[PDB]
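Q: Data: structure29.txt, compact mmCIF, N, CA and C atoms.
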# COMPACT_ATOMS: atom_id res chain seq x y z
N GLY S 1 22.75 -4.14 -30.72
CA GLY S 1 22.40 -5.55 -30.59
C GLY S 1 21.17 -5.77 -29.73
N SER S 2 21.25 -6.74 -28.83
CA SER S 2 20.13 -7.05 -27.95
C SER S 2 20.52 -6.87 -26.49
N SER S 3 19.55 -7.04 -25.60
CA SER S 3 19.79 -6.89 -24.17
C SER S 3 19.53 -8.20 -23.43
N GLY S 4 20.10 -8.32 -22.24
CA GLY S 4 19.92 -9.53 -21.45
C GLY S 4 18.65 -9.49 -20.62
N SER S 5 18.73 -10.00 -19.40
CA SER S 5 17.57 -10.04 -18.51
C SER S 5 17.90 -9.39 -17.17
N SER S 6 17.71 -8.07 -17.09
CA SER S 6 17.99 -7.33 -15.87
C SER S 6 16.69 -6.84 -15.23
N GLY S 7 15.81 -6.29 -16.05
CA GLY S 7 14.54 -5.79 -15.54
C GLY S 7 14.01 -4.63 -16.36
N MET S 8 13.66 -4.90 -17.62
CA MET S 8 13.14 -3.88 -18.51
C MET S 8 11.86 -3.27 -17.94
N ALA S 9 10.84 -4.10 -17.75
CA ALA S 9 9.57 -3.64 -17.21
C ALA S 9 8.81 -2.81 -18.24
N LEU S 10 7.56 -3.18 -18.48
CA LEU S 10 6.72 -2.47 -19.45
C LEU S 10 5.76 -1.52 -18.73
N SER S 11 5.36 -0.47 -19.43
CA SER S 11 4.44 0.51 -18.86
C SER S 11 2.99 0.12 -19.12
N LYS S 12 2.07 0.74 -18.39
CA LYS S 12 0.65 0.46 -18.54
C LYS S 12 0.26 0.40 -20.01
N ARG S 13 0.73 1.37 -20.79
CA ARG S 13 0.43 1.42 -22.21
C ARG S 13 1.15 0.31 -22.97
N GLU S 14 2.43 0.13 -22.66
CA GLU S 14 3.24 -0.89 -23.31
C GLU S 14 2.54 -2.25 -23.24
N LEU S 15 2.10 -2.63 -22.05
CA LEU S 15 1.42 -3.90 -21.85
C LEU S 15 0.04 -3.88 -22.49
N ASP S 16 -0.58 -2.71 -22.52
CA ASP S 16 -1.91 -2.56 -23.11
C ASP S 16 -1.98 -3.23 -24.48
N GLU S 17 -0.90 -3.10 -25.25
CA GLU S 17 -0.84 -3.69 -26.58
C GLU S 17 -0.75 -5.21 -26.49
N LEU S 18 -0.14 -5.70 -25.41
CA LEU S 18 0.01 -7.14 -25.21
C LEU S 18 -1.30 -7.77 -24.75
N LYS S 19 -2.05 -7.03 -23.94
CA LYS S 19 -3.33 -7.51 -23.43
C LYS S 19 -4.10 -8.27 -24.51
N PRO S 20 -4.40 -7.57 -25.62
CA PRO S 20 -5.13 -8.15 -26.75
C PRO S 20 -4.30 -9.18 -27.51
N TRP S 21 -3.00 -9.20 -27.23
CA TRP S 21 -2.10 -10.14 -27.89
C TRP S 21 -1.97 -11.43 -27.09
N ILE S 22 -2.21 -11.34 -25.78
CA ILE S 22 -2.13 -12.50 -24.91
C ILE S 22 -3.49 -13.16 -24.73
N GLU S 23 -4.53 -12.33 -24.66
CA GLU S 23 -5.89 -12.84 -24.49
C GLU S 23 -6.26 -13.80 -25.62
N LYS S 24 -5.75 -13.52 -26.81
CA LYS S 24 -6.02 -14.37 -27.97
C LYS S 24 -5.14 -15.61 -27.96
N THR S 25 -3.86 -15.42 -27.65
CA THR S 25 -2.91 -16.53 -27.60
C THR S 25 -3.35 -17.58 -26.58
N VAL S 26 -3.50 -17.15 -25.33
CA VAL S 26 -3.91 -18.05 -24.26
C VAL S 26 -5.03 -18.98 -24.72
N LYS S 27 -5.86 -18.48 -25.63
CA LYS S 27 -6.98 -19.26 -26.15
C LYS S 27 -6.48 -20.34 -27.11
N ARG S 28 -5.45 -20.01 -27.88
CA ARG S 28 -4.88 -20.95 -28.84
C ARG S 28 -4.01 -21.99 -28.14
N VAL S 29 -3.34 -21.57 -27.07
CA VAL S 29 -2.48 -22.46 -26.30
C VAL S 29 -3.30 -23.50 -25.54
N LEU S 30 -4.34 -23.04 -24.86
CA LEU S 30 -5.21 -23.92 -24.09
C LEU S 30 -6.41 -24.36 -24.91
N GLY S 31 -6.81 -23.52 -25.87
CA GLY S 31 -7.94 -23.84 -26.71
C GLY S 31 -9.24 -23.26 -26.18
N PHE S 32 -9.25 -22.90 -24.91
CA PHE S 32 -10.43 -22.33 -24.28
C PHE S 32 -10.18 -20.90 -23.81
N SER S 33 -8.93 -20.62 -23.45
CA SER S 33 -8.55 -19.30 -22.98
C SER S 33 -8.97 -19.10 -21.52
N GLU S 34 -7.99 -18.78 -20.68
CA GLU S 34 -8.25 -18.56 -19.26
C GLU S 34 -7.94 -17.12 -18.86
N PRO S 35 -8.86 -16.50 -18.10
CA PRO S 35 -8.70 -15.12 -17.64
C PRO S 35 -7.60 -14.98 -16.59
N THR S 36 -7.53 -15.94 -15.68
CA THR S 36 -6.53 -15.93 -14.63
C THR S 36 -5.12 -16.06 -15.21
N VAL S 37 -5.03 -16.67 -16.38
CA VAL S 37 -3.74 -16.86 -17.05
C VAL S 37 -3.28 -15.59 -17.73
N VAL S 38 -4.20 -14.93 -18.44
CA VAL S 38 -3.89 -13.69 -19.14
C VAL S 38 -3.18 -12.70 -18.22
N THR S 39 -3.70 -12.56 -17.01
CA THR S 39 -3.11 -11.64 -16.04
C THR S 39 -1.77 -12.15 -15.54
N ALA S 40 -1.73 -13.42 -15.13
CA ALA S 40 -0.50 -14.03 -14.63
C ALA S 40 0.64 -13.85 -15.63
N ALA S 41 0.29 -13.65 -16.89
CA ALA S 41 1.28 -13.46 -17.94
C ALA S 41 1.70 -12.00 -18.04
N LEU S 42 0.72 -11.11 -18.16
CA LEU S 42 0.98 -9.68 -18.27
C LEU S 42 1.90 -9.21 -17.14
N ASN S 43 1.74 -9.81 -15.97
CA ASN S 43 2.56 -9.46 -14.81
C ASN S 43 3.99 -9.95 -14.99
N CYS S 44 4.14 -11.19 -15.43
CA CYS S 44 5.46 -11.78 -15.64
C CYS S 44 6.32 -10.88 -16.52
N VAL S 45 5.91 -10.72 -17.78
CA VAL S 45 6.65 -9.89 -18.72
C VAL S 45 6.81 -8.47 -18.19
N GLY S 46 5.79 -7.99 -17.49
CA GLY S 46 5.83 -6.64 -16.94
C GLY S 46 6.84 -6.51 -15.82
N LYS S 47 7.05 -7.60 -15.08
CA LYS S 47 7.99 -7.60 -13.97
C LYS S 47 9.35 -8.15 -14.41
N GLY S 48 9.60 -8.12 -15.71
CA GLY S 48 10.86 -8.62 -16.24
C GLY S 48 11.18 -10.02 -15.74
N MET S 49 10.18 -10.70 -15.20
CA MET S 49 10.36 -12.05 -14.69
C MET S 49 11.14 -12.91 -15.69
N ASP S 50 11.57 -14.08 -15.24
CA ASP S 50 12.32 -14.99 -16.09
C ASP S 50 11.55 -16.29 -16.32
N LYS S 51 11.76 -16.90 -17.48
CA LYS S 51 11.08 -18.14 -17.83
C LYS S 51 10.99 -19.07 -16.62
N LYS S 52 12.06 -19.11 -15.83
CA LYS S 52 12.10 -19.95 -14.64
C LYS S 52 11.08 -19.49 -13.61
N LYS S 53 11.06 -18.19 -13.35
CA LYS S 53 10.12 -17.61 -12.38
C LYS S 53 8.71 -17.58 -12.95
N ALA S 54 8.54 -16.87 -14.06
CA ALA S 54 7.24 -16.76 -14.71
C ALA S 54 6.51 -18.10 -14.71
N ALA S 55 7.18 -19.14 -15.20
CA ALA S 55 6.60 -20.47 -15.25
C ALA S 55 5.89 -20.82 -13.94
N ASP S 56 6.62 -20.68 -12.83
CA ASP S 56 6.06 -20.97 -11.52
C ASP S 56 4.79 -20.17 -11.28
N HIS S 57 4.71 -18.99 -11.88
CA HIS S 57 3.54 -18.13 -11.72
C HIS S 57 2.40 -18.61 -12.61
N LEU S 58 2.74 -19.25 -13.73
CA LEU S 58 1.75 -19.75 -14.66
C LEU S 58 1.47 -21.23 -14.42
N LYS S 59 2.14 -21.80 -13.42
CA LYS S 59 1.97 -23.20 -13.08
C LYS S 59 0.52 -23.49 -12.69
N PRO S 60 0.05 -22.80 -11.65
CA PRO S 60 -1.32 -22.96 -11.15
C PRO S 60 -2.36 -22.42 -12.12
N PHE S 61 -1.89 -21.78 -13.19
CA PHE S 61 -2.78 -21.21 -14.19
C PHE S 61 -2.70 -22.00 -15.50
N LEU S 62 -1.60 -22.72 -15.68
CA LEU S 62 -1.40 -23.52 -16.88
C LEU S 62 -0.77 -24.86 -16.55
N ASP S 63 0.29 -24.83 -15.74
CA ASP S 63 0.98 -26.05 -15.34
C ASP S 63 1.46 -26.83 -16.56
N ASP S 64 0.56 -27.61 -17.15
CA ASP S 64 0.90 -28.41 -18.32
C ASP S 64 1.08 -27.52 -19.55
N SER S 65 0.52 -26.32 -19.49
CA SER S 65 0.61 -25.38 -20.60
C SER S 65 1.38 -24.12 -20.18
N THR S 66 2.37 -24.31 -19.32
CA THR S 66 3.18 -23.19 -18.83
C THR S 66 4.41 -22.99 -19.71
N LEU S 67 5.39 -23.87 -19.55
CA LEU S 67 6.63 -23.79 -20.33
C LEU S 67 6.33 -23.48 -21.79
N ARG S 68 5.43 -24.26 -22.39
CA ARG S 68 5.06 -24.07 -23.78
C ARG S 68 4.47 -22.68 -24.00
N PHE S 69 3.65 -22.24 -23.06
CA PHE S 69 3.02 -20.92 -23.15
C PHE S 69 4.05 -19.81 -22.94
N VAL S 70 4.54 -19.69 -21.72
CA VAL S 70 5.52 -18.66 -21.39
C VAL S 70 6.53 -18.49 -22.52
N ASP S 71 6.84 -19.58 -23.20
CA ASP S 71 7.78 -19.55 -24.31
C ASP S 71 7.33 -18.56 -25.38
N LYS S 72 6.06 -18.62 -25.73
CA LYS S 72 5.50 -17.72 -26.74
C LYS S 72 5.30 -16.32 -26.18
N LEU S 73 5.15 -16.23 -24.86
CA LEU S 73 4.95 -14.95 -24.20
C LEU S 73 6.23 -14.12 -24.23
N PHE S 74 7.32 -14.71 -23.75
CA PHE S 74 8.61 -14.02 -23.72
C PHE S 74 9.00 -13.55 -25.11
N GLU S 75 8.62 -14.33 -26.13
CA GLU S 75 8.93 -13.99 -27.51
C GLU S 75 7.90 -13.03 -28.08
N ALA S 76 6.78 -12.88 -27.39
CA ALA S 76 5.72 -11.99 -27.83
C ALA S 76 6.13 -10.53 -27.68
N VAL S 77 6.81 -10.22 -26.58
CA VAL S 77 7.26 -8.86 -26.31
C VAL S 77 7.83 -8.22 -27.57
N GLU S 78 8.54 -9.01 -28.37
CA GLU S 78 9.14 -8.52 -29.60
C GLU S 78 8.19 -8.71 -30.78
N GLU S 79 7.20 -9.58 -30.60
CA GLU S 79 6.23 -9.86 -31.65
C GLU S 79 5.11 -8.81 -31.65
N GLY S 80 4.39 -8.73 -30.54
CA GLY S 80 3.30 -7.77 -30.43
C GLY S 80 3.79 -6.34 -30.53
N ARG S 81 4.91 -6.05 -29.88
CA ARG S 81 5.48 -4.71 -29.90
C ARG S 81 6.23 -4.45 -31.20
N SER S 82 7.07 -5.40 -31.59
CA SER S 82 7.85 -5.26 -32.82
C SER S 82 8.98 -4.25 -32.64
N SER S 83 8.61 -2.97 -32.56
CA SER S 83 9.58 -1.90 -32.40
C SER S 83 8.89 -0.58 -32.07
N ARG S 84 9.62 0.32 -31.44
CA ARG S 84 9.08 1.63 -31.07
C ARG S 84 10.11 2.45 -30.31
N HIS S 85 10.71 1.84 -29.29
CA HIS S 85 11.72 2.52 -28.48
C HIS S 85 13.12 2.11 -28.90
N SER S 86 13.72 2.89 -29.80
CA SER S 86 15.06 2.60 -30.29
C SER S 86 15.88 3.88 -30.41
N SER S 87 15.35 4.85 -31.15
CA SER S 87 16.03 6.13 -31.35
C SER S 87 15.92 7.00 -30.10
N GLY S 88 16.91 6.89 -29.22
CA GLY S 88 16.91 7.68 -28.00
C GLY S 88 17.15 6.83 -26.77
N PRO S 89 18.43 6.56 -26.48
CA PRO S 89 18.83 5.75 -25.32
C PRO S 89 18.58 6.48 -24.00
N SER S 90 17.73 5.90 -23.16
CA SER S 90 17.41 6.49 -21.87
C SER S 90 16.81 5.45 -20.92
N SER S 91 17.68 4.69 -20.27
CA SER S 91 17.25 3.65 -19.34
C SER S 91 17.12 4.21 -17.93
N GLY S 92 15.97 3.97 -17.30
CA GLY S 92 15.75 4.45 -15.95
C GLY S 92 14.90 3.51 -15.13
Could you write out this file's structure as structure tokens?
A:
Amino acid sequence: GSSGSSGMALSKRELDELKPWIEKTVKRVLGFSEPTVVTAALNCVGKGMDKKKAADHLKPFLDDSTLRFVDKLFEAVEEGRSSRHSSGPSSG
């Protein structure tokens, strides 16, 4: 099935794929794209942060475009990544 919210955390490479996936989105969400936001996002998902927490981190970077944004971000992890780590259970 699926997992909850404990603290998955993505690796340098794992997020690397999101970098180009968030840099483009942030532009569609705001229409101009902000550099300070792209990072504030990569960190959130990378730190297993929660919509509640992440938002606060994207507040000063989006504020009006936080909840709406973070929403697509949290769902991006499964969008940009899609699949890769399944065959071989090893949580550490």
Q: Show which residues sit within 7 Å of residue 40 of chain S, as a ChimeraX atom specification. Count only C-alpha atoms, and ignore same-chain residues fewer than 4 positions away.
A: /S:36,44,57-58
Q: Have a look at atom N of residue 65 of chain S and atom C of residue 29 of chain S and let me know their distance in Å, one decimal.
A: 7.7 Å
Q: Identify which of the residues S:19, S:12, S:47, S:28 lies closest to residue 80 of chain S, counting only C-alpha atoms when measuring atom-to-atom distances.
A: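 Result for the nearest residue to residue 80 of chain S: S:19.
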Q: What is the distance between atom N of residue 51 of chain S and atom N of residue 64 of chain S, in Å to one decimal?
A: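 Separating atom N of residue 51 of chain S from atom N of residue 64 of chain S is a distance of 15.5 Å.
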Q: Around the point (6.4, -20.0, -20.7) (coordinates from the file), which residues reach within 8 Å if we count all atoms listed in the file? Answer as a ChimeraX atom specification.
A: /S:50-52,54-56,58,65-74
Q: Could you jot down the atom CA of residue 49 of chain S to atom CA of residue 10 of chain S separation for me, Å, one decimal place?
A: 11.3 Å
Q: Can you list every residue in chain S that DSSP puts in alpha helix (DSSP H), as an NGL selection string?
A: :S and (12-30 or 35-46 or 51-58 or 67-80)
Q: Return as lines of an AutoDock Vina configuration file the box centre and box size in Å, one decimal, for an axis-aligned box around all listed atoms of segment 58-74 of chain S padded by 8 Å per side.
A:
center_x = 3.1
center_y = -21.0
center_z = -18.9
size_x = 27.8
size_y = 30.9
size_z = 31.6
